[PDB]
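J.: Please see the structure below; I have some questions.
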Amino acid sequence: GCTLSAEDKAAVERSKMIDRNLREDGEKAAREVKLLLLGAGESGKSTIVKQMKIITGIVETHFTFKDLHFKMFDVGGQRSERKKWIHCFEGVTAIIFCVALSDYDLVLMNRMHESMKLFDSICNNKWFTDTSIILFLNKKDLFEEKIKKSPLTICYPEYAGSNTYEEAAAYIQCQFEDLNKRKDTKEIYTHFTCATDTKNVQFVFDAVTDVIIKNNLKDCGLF
Amino acid sequence: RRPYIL
Amino acid sequence: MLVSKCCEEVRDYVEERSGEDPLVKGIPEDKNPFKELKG
Amino acid sequence: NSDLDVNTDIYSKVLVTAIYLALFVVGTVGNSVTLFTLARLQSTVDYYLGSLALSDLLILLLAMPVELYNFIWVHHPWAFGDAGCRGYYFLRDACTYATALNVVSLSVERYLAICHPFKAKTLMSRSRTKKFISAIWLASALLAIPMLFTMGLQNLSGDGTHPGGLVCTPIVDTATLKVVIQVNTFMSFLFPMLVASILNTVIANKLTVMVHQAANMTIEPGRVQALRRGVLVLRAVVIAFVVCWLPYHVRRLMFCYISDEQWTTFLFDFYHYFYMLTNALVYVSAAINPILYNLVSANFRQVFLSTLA
Amino acid sequence: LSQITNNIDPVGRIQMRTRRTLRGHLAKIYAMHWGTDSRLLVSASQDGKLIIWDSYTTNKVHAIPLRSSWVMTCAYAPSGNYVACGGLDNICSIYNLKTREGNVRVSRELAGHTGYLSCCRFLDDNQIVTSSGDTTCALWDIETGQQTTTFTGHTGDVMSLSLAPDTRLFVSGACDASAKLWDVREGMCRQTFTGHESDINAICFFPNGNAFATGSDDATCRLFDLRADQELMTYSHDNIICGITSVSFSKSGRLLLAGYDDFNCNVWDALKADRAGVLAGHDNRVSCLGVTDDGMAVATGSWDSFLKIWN
């Protein structure tokens, strides 16, 4: 240490100052919990995000829940090549893949098959191998009345079960969860709701717990 | 006859 | 536009400039500003 | 003339020192490769792993060859000197305290990382974690300074003048010796024992009620099966800690608790053979902390055969 | 090119030592830009910060915190007064450096796009070209805030962009397997160079500003020439299948660089296409690598928060 005319030191001390603030934000860079969103259809994503916030590109959402601070990225507003910018979202802790339920019969090609292909290309991507996927199936009452009017065999030719609510819901849930080609590392969680049922938001917390805990089990020396 | 090594 | 002529132009330009290049030639570590600076 | 020389025969002696030498070579090579590997994001557990590995490497490489050099073959006329013996038992007590506190704080970090994980995201940070590593090293040094305050040299010949009758022994009286080694056994065994066992049972309980109850598919019982292999790597560490650092501390406190009225010649011989057994178990722990971290997880197995070959 | 010029000698293996290791970032270093005084390099990471480094003495002169942590580019002003950074929040924020107040504050939070901002450079201290996610290159004035000329013409997404050194014209590389040579004044395409199988993840301009190399994802750098409108040199070889993520020429044009997804930078002789050097310091994707304008150093930022400066 030759102190170099008493200004370079200042510059060096400047860097130490930088380091301090930098490291502090790095601490909060661990503290906040990330959550990508992706919906092929409209899916009630506005309904979901107004359900979360109560308690033209990236629409960040800094909602807090149960004393703990989150993030949430309403990404689907902007339209570009999904392949290029998705590795920017590497290291998110839980994808929230909201899917509409009543899109099983709108035809451009069925739209539910387009959501199936989107879930295929998001659940079998090399960047989200270690990150789970929460799966919201929205507008269930609209699906109730539309399955009371029209059958589900228009959507799937290879389905011949009962035309009830719960068997159709379990079949479409196991239809989505079958797309997991990497079952060992990630795990698609599931939920059903309509534009009500404020146990939605805490469920994300539940799922975030069931994706933080398991993730720590893959680095904390165990397993 | 007490041991000395600890 | 006669691709051979322009790649020959690229070649004679880079052969004109490859002498005093501070990266492909190397450094004598005193004219280098990037000495390891133990301190 | 050389009294206080115990008649320990050479066949059991060479068996014990062969066990010692094999333990030493596999332990120092394992701690070397895992220290270089961890010297090669929420990485707040690698520092505890490397600190326990460095503590085991330190206790092995500092005690064990000097231990065979002047504790099993070369008896009571020693050759390391006054500062040699005092600093040697300082490093031994410091490394025992460091391994105990490393087990404590690694189990605490695991408990915060599983059973209260948002408090681990809030509380635990890489900077703080390095602060805690320096804190447990300084706690080991500050709790090993009474080992500097209690050791010494003492001649026990026919007149206490012969240079073939001086030993390097605790030179304090019996009561203060009791107190220092009783608080040694109390903290550096029992509070690690209850803390590591309680938190590892709670973590294994939370994992078993996370995979059995599952609050979803278990994934054809593959990843949760290797999570029960993680239950094995939890329970194996805690049982290895108690079954290795139990009899050493029992031997320390049976050195304290007997005041020559319960010693006989055979119990003197049994004490010395038990000392070889307990320090064998201490070097067992020093070898199989990185062996338990290496062999049972096949990814460590592959990457450490890639480091070796 | 290389079939014609193989009469000359090769420069052999170039050994580049890790002269500096600019630690400090907390996430992936996505893009960096050298200054014009060869000393201050700005680099932006996806944890929020962009750091202006003193490269000569390993010092963090500035650490600018963004409103949006998603950043995907940077550019250092030729006059050193400004620093641009755009990204997924579609707002290519222009920050100030030579401020009278003392700290750094945003000069202008420019907008006007409906796609993510891929790669921005500075024409002068008052004009910035940015390439975007809504498939349109854009040339902006910082003062009024309005797009002077928004270059439409790309059908697919456009991922990078690089200036000719005479600040008169530039080249934008897009995911349509084609790099388009734009122009500042006329506002329209001059040439559209194709010849790629797949997309173009980064691009750069050779010193003369008569050539540029495209960095694809099929590991095939392709030196193009402007006037001929054809591919000139196909820098490619087997055992490299990963994606190119930045290109950088040298001051003499002899020594091209590349940064792969193969976790190691590859240093290519521009005349013989041999892998004349390997810079394997990192352990993750080499996102960005730059050569300073005097040609002295090489700096490289990769997805492990490490900026290694190799001479």
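Letters for chains follow the order of the structure tokens (A, B, ...), residue numbers begin at 1 for each chain, and ligand numbers begin at 1 in the order shown.
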Can you list, as a ChimeraX atom specification, every residue of stretch 131-290 of chain D that DSSP puts in helix (DSSP H, G or I)?
T.: /D:131-148,174-211,223-245,247-257,265-290
J.: Starting from chain A, keep only residues with some atom at most 9 Å from an atom of chain D, counting only C-alpha atoms, and report them as a CSV table (one decimal) with N, CA and C atoms, in the first residue's frame.
T.:
chain,number,residue,atom,x,y,z
A,23,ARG,N,-23.8,-5.1,-1.9
A,23,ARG,CA,-24.0,-6.3,-1.1
A,23,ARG,C,-25.4,-6.3,-0.4
A,27,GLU,N,-28.5,-8.9,-0.8
A,27,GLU,CA,-29.2,-9.5,0.3
A,27,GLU,C,-30.7,-9.5,0.0
A,28,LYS,N,-31.2,-8.3,-0.4
A,28,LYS,CA,-32.6,-8.3,-0.8
A,28,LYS,C,-32.9,-8.9,-2.1
A,30,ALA,N,-31.9,-11.8,-2.6
A,30,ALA,CA,-32.3,-13.2,-2.2
A,30,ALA,C,-33.6,-13.1,-1.5
A,31,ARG,N,-33.9,-12.0,-0.9
A,31,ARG,CA,-35.1,-11.9,0.0
A,31,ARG,C,-36.4,-11.9,-0.7
A,32,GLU,N,-36.4,-11.3,-1.9
A,32,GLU,CA,-37.6,-11.2,-2.6
A,32,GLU,C,-37.8,-12.5,-3.5
A,68,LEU,N,-43.9,-11.5,4.4
A,68,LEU,CA,-42.8,-11.8,3.5
A,68,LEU,C,-43.0,-11.2,2.1
A,183,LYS,N,-40.5,-35.2,-14.3
A,183,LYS,CA,-41.3,-35.3,-13.1
A,183,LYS,C,-40.4,-35.3,-11.8
A,184,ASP,N,-39.1,-35.7,-11.9
A,184,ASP,CA,-38.3,-35.9,-10.8
A,184,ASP,C,-37.9,-34.6,-10.1
A,185,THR,N,-37.6,-33.6,-10.9
A,185,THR,CA,-37.1,-32.3,-10.4
A,185,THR,C,-38.1,-31.3,-10.1
A,187,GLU,N,-42.5,-30.1,-10.1
A,187,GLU,CA,-43.8,-30.7,-9.8
A,187,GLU,C,-44.9,-29.7,-10.0
A,188,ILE,N,-45.8,-30.1,-10.9
A,188,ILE,CA,-46.9,-29.2,-11.2
A,188,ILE,C,-47.9,-29.2,-10.1
A,189,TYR,N,-48.1,-28.1,-9.4
A,189,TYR,CA,-49.2,-28.0,-8.5
A,189,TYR,C,-50.4,-27.6,-9.2
A,190,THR,N,-51.6,-27.8,-8.6
A,190,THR,CA,-52.9,-27.5,-9.2
A,190,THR,C,-53.8,-26.8,-8.3
A,209,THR,N,-44.1,-22.1,-0.5
A,209,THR,CA,-43.5,-22.9,0.6
A,209,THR,C,-43.1,-24.2,0.1
A,210,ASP,N,-44.0,-24.9,-0.7
A,210,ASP,CA,-43.7,-26.2,-1.2
A,210,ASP,C,-42.8,-26.1,-2.5
A,212,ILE,N,-40.1,-23.6,-2.0
A,212,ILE,CA,-38.8,-23.1,-1.4
A,212,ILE,C,-38.2,-24.3,-0.7
A,213,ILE,N,-39.0,-25.0,0.1
A,213,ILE,CA,-38.6,-26.1,1.0
A,213,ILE,C,-37.9,-27.2,0.2
A,214,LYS,N,-38.6,-27.7,-0.8
A,214,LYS,CA,-38.0,-28.7,-1.7
A,214,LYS,C,-36.7,-28.2,-2.3
A,216,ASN,N,-34.6,-26.1,-1.1
A,216,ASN,CA,-33.5,-26.2,-0.1
A,216,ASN,C,-33.0,-27.6,0.1
A,217,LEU,N,-34.0,-28.6,0.0
A,217,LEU,CA,-33.6,-30.0,0.0
A,217,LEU,C,-32.7,-30.4,-1.1
A,218,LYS,N,-32.6,-29.6,-2.2
A,218,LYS,CA,-31.7,-30.0,-3.2
A,218,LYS,C,-30.4,-29.2,-3.2
A,219,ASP,N,-30.1,-28.4,-2.1
A,219,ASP,CA,-28.8,-27.8,-2.0
A,219,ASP,C,-28.3,-27.9,-0.5
A,220,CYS,N,-29.1,-28.1,0.5
A,220,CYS,CA,-28.6,-27.9,1.9
A,220,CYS,C,-27.8,-29.1,2.4
A,221,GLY,N,-27.2,-30.0,1.6
A,221,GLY,CA,-26.5,-31.1,2.0
A,221,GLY,C,-27.3,-32.4,2.0
A,222,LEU,N,-28.6,-32.3,2.2
A,222,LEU,CA,-29.4,-33.5,2.0
A,222,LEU,C,-29.7,-33.8,0.6
A,223,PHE,N,-29.8,-35.1,0.3
A,223,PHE,CA,-30.4,-35.6,-0.9
A,223,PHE,C,-29.6,-35.2,-2.2
J.: Write out as a ChimeraX atom specification the residues lying within 7 Å of stretch 104-120 of chain E, counting only C-alpha atoms and excluding same-chain residues fewer than 6 positions away.
T.: /A:56-57,78-80 /E:64,72-75,86-97,128-134,142,145,159-161
J.: Env of stretch 230-243 of chain E: 6 Å cut, atoms = only C-alpha atoms, seq-sep filter 3 positions within chain, self excluded. Answer as a PyMOL selection string.
T.: chain E and resi 1+217-224+260-262+273
J.: Measuring between only C-alpha atoms, which one of E:283, E:157, E:298, E:98 shows the shortest distance to chain D?
T.: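 Of E:283, E:157, E:298, E:98, the one nearest chain D, counting only C-alpha atoms, is E:283.
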